[PDB]
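Chain by chain, the residues run as shown.
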Amino acid sequence: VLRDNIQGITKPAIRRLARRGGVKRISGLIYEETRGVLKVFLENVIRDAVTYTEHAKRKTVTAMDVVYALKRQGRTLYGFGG
Amino acid sequence: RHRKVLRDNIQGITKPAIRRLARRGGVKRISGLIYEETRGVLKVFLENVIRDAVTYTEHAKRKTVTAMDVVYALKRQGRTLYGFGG
Amino acid sequence: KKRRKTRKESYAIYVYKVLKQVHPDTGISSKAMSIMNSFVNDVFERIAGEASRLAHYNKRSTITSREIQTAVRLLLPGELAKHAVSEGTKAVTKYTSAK
Amino acid sequence: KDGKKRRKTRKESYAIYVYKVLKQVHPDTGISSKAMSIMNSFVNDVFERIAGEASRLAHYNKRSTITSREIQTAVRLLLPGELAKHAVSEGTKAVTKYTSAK
Amino acid sequence: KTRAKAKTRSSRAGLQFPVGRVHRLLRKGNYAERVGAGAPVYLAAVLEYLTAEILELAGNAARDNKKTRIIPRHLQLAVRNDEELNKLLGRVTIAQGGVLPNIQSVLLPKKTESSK
Amino acid sequence: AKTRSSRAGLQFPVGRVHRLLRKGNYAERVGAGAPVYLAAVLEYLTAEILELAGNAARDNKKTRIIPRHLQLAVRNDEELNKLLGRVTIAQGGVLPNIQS
Amino acid sequence: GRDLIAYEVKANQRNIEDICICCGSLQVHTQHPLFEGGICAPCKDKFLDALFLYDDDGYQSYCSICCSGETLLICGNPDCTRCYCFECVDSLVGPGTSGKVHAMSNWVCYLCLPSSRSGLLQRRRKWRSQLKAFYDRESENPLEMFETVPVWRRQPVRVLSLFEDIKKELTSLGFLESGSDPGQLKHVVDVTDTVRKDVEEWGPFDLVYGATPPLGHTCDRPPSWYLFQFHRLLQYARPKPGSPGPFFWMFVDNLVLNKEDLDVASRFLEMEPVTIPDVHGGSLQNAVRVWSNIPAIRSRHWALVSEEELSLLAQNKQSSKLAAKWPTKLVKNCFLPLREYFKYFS
Ligand SMILES: [Zn+2]
Ligand SMILES: [Zn+2]
Ligand SMILES: [Zn+2]
């Protein structure tokens, strides 16, 4: 229950994302690999996104903390800050 | 006026120079068409860095390109160089 | 409502007028409006931070149109920088010798 | 005695401080001037990184003061892994020493 | 007191983006001690040209899609089809954009006929 | 006259870091503990690289740290490699790493 | 040895044909095409190649007379395309004159001046036919060579533009006079009902230009149609056989015809296409194929330009179609050798 939310990313979700990415054929070992990489890509953001929330003395992680954590890593996201 | 236009200095990057840079890069075997592509990529890289550095010299109202303008041009392109003053 | 009074600035009322000057009938959504707002803030902070570095390099405690000009010549690629420097110079020259 | 022949502006550095730290960690190892320029550029680079990150951390919360907390959050963001977990302990120990040294 | 027409600095420059707002955001952001008079005029002109170029390409992308309202798909197609705007916004994600409809020429089946 | 460097038990100059914070247009005000904390952080990051460069010098049978020793000190440790991933050290070369 | 070739003629009383005027050499293979004198074999080979080569930067990439790279000056009268090096001018007419020539952009060149005897230069009467014989002896390829049109016996250009307008281009290029509309260019959008009688009524034509649609596929008509009609009206507009009259043509394709249609066009126009790339803004921008009989147009293609990269650019342009302007500026340059054939409006 508190361990299988990495498997909440399903096989058709990675299938649809690789169809958007223009991949014609996917092997059976992609789905274990990508769930690793995506998980790492969340950590490197959330480790930063909690940390701004630490410095603001809040408990809510706002959209501005996500925008600042992505802007720090050179992945500037548009359409969430006023 | 009194300045001969330098030309064909991309061939100054010799074949054993790209050979030695491939030895340091760990490459065991180099094809014959590597050398023109490597000259082209080095030319585009120097175009970008000197395009920044000459503009740093322009705004400073000088006519001499310094090592600090090279370090600023590289630190702007996310390639921070040490040993010349940050 | 006197305690519920906090007006966050934006660039919606300006990007809307520039859009009506370019396309007199085309509209725009609010999500695309927030993307254009974040774009204006992004390019603003890029040129301001780059010009601040270009002032600090030459030991000058003043930003004028020259630092913004060379920051535009650094940050914008290709012909886009040339057209932006032309438009900026034309607007400054029109601004100085006006009524 | 000869003095003030060529007026040159004294360019500051960190060379004697890196020399002191090197004599504290290696009592017999020397260092070249090229490597000293590299260590000087490293100290300038990491100083600019932590100061700029603390400037953004101050501007995000609408505060115009950089205290040790902004530098601590900048260190926790910039230094990966155990480097932050030791540098925060070293900085907090230094600030605790500095506050209660009177 | 003062008896003169309240003419804003935007209108004297022939621009649309606010000179005063850009000027106080330069004075607020801690960029330098002093801020010149021509600098917010020049920066407002640069921002207004960079806004007008993307809105012109987005209005062309909207007209192609038979729509009279720019959605973030139109901004995505407007920026990514242009090469200088793609160089400017390379490390930039636009929300609700997607990607360009660009399929490689090796994943398609050969729809050809043998000449022999 | 007791300097703020020895008042906090540090080595990097607290006063120079203080005036470089006040000069760099970072914020309007600069706290009292901030240059002490930043001098401590810079001193730890200097001491770790000088320790690894001294170990690389001792392995190379040399008592002077050359830029090759700073190259081997930064590239071998993975946290310092993550810190300086987009940083070229001059007179450094690369790691002697051959693919299998 | 460049101050010696001005000494071999005056003092030794030697023939100009017996010294290579290009690099100063004493060995002479042939006689120089433009002026009286001899040319050594390597300079001869390179000189022919230089004429074929087309440069965006200047009228001539390398020097006309001696084929040097640098020291390029521009002709004063804007109705002339000749360019000579500084060393030719210094060596032949005298030192410290090249600087004077380069100093102004309104200095009448050697071919525009009433007298062609400068002091060590001799012109040739009806030189173009001799020039064709020069191409015939060694150039190994008899490229389409119409007689050159003298400045004194010059005609107003009569232009027929099919499926694409070039009046802006030619006006910028100085082929059409602005302010006055006698109608020396007729733009004809629809030609399905054009007849020989119509063309005869429209007045005799000297240059007929056609071009493919721009990359946004404005019209729903197959692109080969432009080629085939261009060929038809072209043949109609050709002067009566056995008449000393110039007839130039140019069909331009912005990668809208596939390899089938490309071979078809190459067969009818009886030559291989000319692929031109545009200034890189990082990788590659756009490219264009051109058929024509205008001098130094076939050598304009650059061997570096690959087919597969061109196919990829074509498929990224056709499907995307962001810009939809006919590349008038891309095909603007190619008319530049034609400058010596018709009158220029500054
Ligand atoms: Zn010769
Ligand atoms: Zn002339
Ligand atoms: Zn010459």
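What you see is numbering from 1 along each chain in written sequence order, possibly unlike the entry, with residues lacking coordinates removed. For naming, the first written chain is A and the first written ligand is 1, with later ones following in the order written. What is shown is a subset of a larger assembly, and the numbers refer only to that subset. Remark: hydrogens and water are excluded; side-chain values derive from all non-hydrogen atoms of the structure.

Caption draft 1: Structural view of the overall build of chain C. Numbered from the N terminus, helices here are DSSP runs of H or I no shorter than four residues, and strands are runs of E no shorter than two. A tally of regular secondary structure across chain C gives four helices and two strands. Listing every helix and strand of chain C by position from the N terminus yields α-β-α-β-α-α. Taking 99 residues into account, the globule formula puts the C-alpha radius of gyration at 13 Å, and chain C, at 17 Å, lies well above it. Taken over the C-alpha atoms alone, chain C extends approximately 50 × 40 × 35 Å along its principal axes. Where accessible areas are quoted, they stem from the Shrake-Rupley method and a 1.4 Å probe; at the residue level, only the protein chains shown are allowed to cover. With an accessible surface of roughly 5900 Å², chain C has 49% of that area assigned to carbon and sulfur atoms. In this charge count, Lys and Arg are treated as positive and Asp and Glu as negative; neither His nor the chain ends contribute. Every charge is mapped onto a representative atom, which is NZ of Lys, CZ of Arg, CG of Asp or CD of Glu. Each charge class in chain C was averaged separately, 20 positive and 8 negative side chains, and the resulting centres sit 11 Å apart. In this setup the radius of gyration rests on C-alpha atoms only. A globule is expected at 2.2 Å times the number of residues raised to 0.38.

Caption draft 2: Examining the packing of aromatic side chains more closely. A pair of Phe, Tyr and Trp rings is counted when the ring centres sit within 6.5 Å of each other, with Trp represented by its six-membered ring. The angle between the planes then sorts it: under 30 degrees is stacked, over 60 is edge-to-face, the rest tilted. Under the counting rule described, the total for this entry stands at 23 aromatic pairs over all chains. Ring geometry for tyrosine 11 of chain C versus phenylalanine 17 of chain E: centroids 6.4 Å apart, planes at 50°, classification tilted. Of this pair, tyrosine 11 of chain C sits in the segment before α1 (12–22) while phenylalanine 17 of chain E sits in the loop between α1 (9–13) and α2 (19–28), placing the two residues on different chains. Whether a residue is buried, partly exposed or exposed follows from its accessible area with a 1.4 Å probe, protein chains only, as a fraction of its type maximum: under 20%, in between, or over 50%, in that order. Using a relative accessible area of 2% as the deciding quantity, one classes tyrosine 11 of chain C as buried. Under the relative-accessibility criterion, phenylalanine 17 of chain E is labelled buried at 1%. When the ring centre of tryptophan 202 of chain G is taken as origin, the NZ or CZ atom of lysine 186 of chain G, which lies over that ring, is 5.3 Å away. A positively charged side chain is recorded as over a ring if its NZ (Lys) or CZ (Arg) lies within 6 Å of the ring centre. The angle to the ring normal must also be within 35 degrees. Above the ring of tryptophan 225 of chain G, the side-chain terminus of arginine 221 of chain G is found at 5.2 Å from the ring centroid.

Caption draft 3: Structural context of unusual backbone geometry. Of note, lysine 61 of chain B is a non-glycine position whose phi angle comes to about 60°, a positive value. You can see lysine 61 of chain B is positioned in the loop between α2 (34–59) and α3 (67–76). With a phi close to 50°, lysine 126 of chain G is a non-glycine residue in the positive phi region. The topology assignment puts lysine 126 of chain G in the loop between α4 (98–103) and α5 (127–138). Exposure remark for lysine 126 of chain G: the relative accessible area of 49% places this residue in the partly exposed category.

Caption draft 4: The coordination of the zinc ion (ligand 3), seen in detail. Residue and element names in this part refer to chain G. Only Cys63 (SG), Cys66 (SG), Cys85 (SG) and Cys88 (SG) from the protein coordinate the zinc ion (ligand 3), and they sit 2.4 Å from it. For Na, K and Ca the donor cut-off is 3.2 Å, and for all other metals it is 2.8 Å, counting N, O and S atoms only; because water is absent from this set, sites may look incomplete. A four-donor site is classed as tetrahedral when every donor-metal-donor angle falls between 85 and 135 degrees; four donors are called square planar, and six octahedral, when trans pairs exceed 155 degrees and all remaining angles lie between 65 and 115, with any other arrangement labelled irregular. Taken together, the four donor atoms coordinating the zinc ion (ligand 3) and their angles of 89 to 143° define a geometry best described as irregular. Donor residues for the zinc ion (ligand 3), ordered by position in the chain, follow C-x2-C-x18-C-x2-C. Given a relative accessible area of 7%, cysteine 66 falls into the buried group.

Caption draft 5: Fine view of the interface of chain D and chain B. Pairs of residues are marked as contacts when any of their non-hydrogen atoms sit within 4.5 Å. Opposite the seven residues of chain D that make contact, chain B presents eight residues. Accessible-area loss on putting two parts together, using a 1.4 Å probe and summing over both, is the definition of buried area adopted here. Between chain D and chain B, a total of about 660 Å² is buried, with carbon and sulfur atoms accounting for 47% of that surface. When residues of chain D are sorted by the area they lose upon contact with chain B, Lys34, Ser41 and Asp45 of chain D head the list and together hold 53% of the total. Here a salt bridge means any side-chain nitrogen of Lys or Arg lying within 4 Å of a carboxyl oxygen belonging to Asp or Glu. Inspection of the region where chain D meets chain B yields two salt bridges.

Caption draft 6: Spatial organisation of a nonpolar patch on the surface. All names here are of chain A. The patches described consist of residues with a relative accessible area above 30% and no salt bridge, like charges being joined within 9 Å and nonpolar side chains (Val, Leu, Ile, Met, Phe, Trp, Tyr) within 5 Å. Side chains of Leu38, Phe41, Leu42, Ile46, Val50, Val61 and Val66 sit close together on the surface and give an oily, nonpolar patch of about 510 Å² of accessible area. Per-element accounting of the nonpolar patch gives the leading share, five residues, to helix α2 (residues 30–55). For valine 50, a relative accessible area of 36% puts it in the partly exposed group.

Caption draft 7: How the structure looks around the coordination of the zinc ion (ligand 1). All names here are of chain G. For the zinc ion (ligand 1), the protein coordination sphere consists of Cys20 (SG), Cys23 (SG), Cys40 (SG) and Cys43 (SG), at 2.4 Å. Metal-centred angles of 89 to 134° between the four donor atoms at the zinc ion (ligand 1) mark the site as tetrahedral. Positions of the donor residues of the zinc ion (ligand 1), expressed as sequence spacing, correspond to C-x2-C-x16-C-x2-C. A relative accessible area of 0% places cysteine 20 in the buried class.

Caption draft 8: View of the sheet that holds strand β3 (residues 159–162) of chain G. All names here are of chain G. Taken together, the six strands give an open sheet; going across it, the order is β4-β3-β5-β6-β8-β7, and neighbouring strands pair in mixed fashion. Of all the strands in the sheet, the pair left with one neighbour each is β4 (185–188) and β7 (275–277). Ignoring which end each strand starts from, the neighbouring axes of this sheet average 20° apart. Pairing between strands requires that DSSP locate at least two bridges from one strand to the other. As paired strands, strand β6 (residues 248–253) and strand β8 (residues 287–292) are joined by four bridges and run antiparallel to one another. Looking across to β8, one finds that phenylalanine 251 is bridged to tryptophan 291. Simply put, an axis is a line fit to the C-alpha atoms, just over the touching stretch for a helix, and the angle between two N-to-C directions goes from 0 to 180 degrees.

Caption draft 9: Here's a closer look at the packing of helix α8 (residues 224–237) of chain G against helix α9 (residues 259–268) of chain G. All names here are of chain G. Closest axis-to-axis distance for the α8/α9 pair is 11 Å, and the angle between their directions is 10°. By the criterion of interaxial angle, the relationship of α8 to α9 is roughly parallel. Contacts between α8 and α9 pair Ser224, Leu227, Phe228 and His231 from the former with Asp261, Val264, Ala265 and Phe268 from the latter. Polar here means any residue outside two lists: the nonpolar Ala, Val, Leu, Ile, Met, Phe, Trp, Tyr, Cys and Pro, and the charged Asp, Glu, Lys and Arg; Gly therefore counts as polar. The class makeup of the residues in the contact of α8 with α9 is five nonpolar, two polar and one charged. Working definition: roughly parallel below 35 degrees, roughly antiparallel above 145 degrees, roughly perpendicular at 65 to 115 degrees, and oblique for all remaining angles.

Caption draft 10: View of the interface of chain C and chain E. Taken together, the contact between chain C and chain E spans 57 residues of the former and 55 residues of the latter. Interface of chain C and chain E: buried area, both sides summed, is about 5100 Å²; carbon and sulfur atoms make up 72% of it. Here chain C is connected to chain E by two salt bridges. The partner of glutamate 9 of chain C in a salt bridge is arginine 21 of chain E, with the nearest N and O atoms 3.5 Å apart. Pairing of N or O atoms within 3.5 Å defines a polar contact, subject to two protein rules: one partner must be a possible hydrogen donor and the other a possible acceptor, and residues neighboring in sequence count only if both atoms are side-chain atoms. Summed over the shared surface of chain C and chain E, the number is 14 residue pairs in polar contact.

Caption draft 11: Structural context of the arrangement of the chains. Spatially, chain D is disjoint from chain E: no contact exists, and the shortest C-alpha separation is 8 Å. Chain A makes no contact with chain F; the smallest distance between any of their C-alpha atoms is 13 Å.

Caption draft 12: Up close: the pairing of strand β5 (residues 207–211) of chain G. All names here are of chain G. Of all the five residues making up β5, five are buried; the element is thus mostly covered by neighbouring parts of the structure. Side chains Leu207, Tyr209 and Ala211 of β5 all project onto a buried face; the interleaved residues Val208 and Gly210 project onto the opposite face, where all are buried too. As judged from the four bridges shared by β3 and β5, these two strands associate in the parallel manner. Residue pairing across strands places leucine 160 opposite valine 208, the latter belonging to β5. In this sheet, β6 lies alongside β5 in parallel orientation, the contact comprising five bridges. Within β6, the position partnered with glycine 210 by the bridge is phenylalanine 251. Clockwise travel from the first strand over the helix to the second, with the strands pointing away from the viewer, marks a crossover as right-handed. With respect to chirality, the unit in which β5 leads through α8 into the neighbouring parallel β6 is right-handed.

Caption draft 13: Expanded view of the packing of helix α4 (residues 82–99) of chain D against helix α3 (residues 34–59) of chain F. Interhelical geometry of α4 of chain D versus α3 of chain F gives an angle of 135° and a closest axis separation of 8 Å. Here α4 of chain D lies oblique to α3 of chain F, going by the angle between them. Taken as a pair, α4 of chain D and α3 of chain F cross one another with a handedness that is right-handed. In contact with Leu83, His86, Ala87, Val88, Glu90, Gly91, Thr92, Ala94, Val95 and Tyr98 of chain D of α4 of chain D, α3 of chain F contributes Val36, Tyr37, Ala40, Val41, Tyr44 and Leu45 of chain F. A breakdown of the residues in the contact of α4 of chain D with α3 of chain F according to their chemical character gives twelve nonpolar, three polar and one charged. Definitions for this section: a left-handed crossing has its near helix turned counterclockwise from the far helix by less than a right angle. A right-handed crossing has that turn clockwise.

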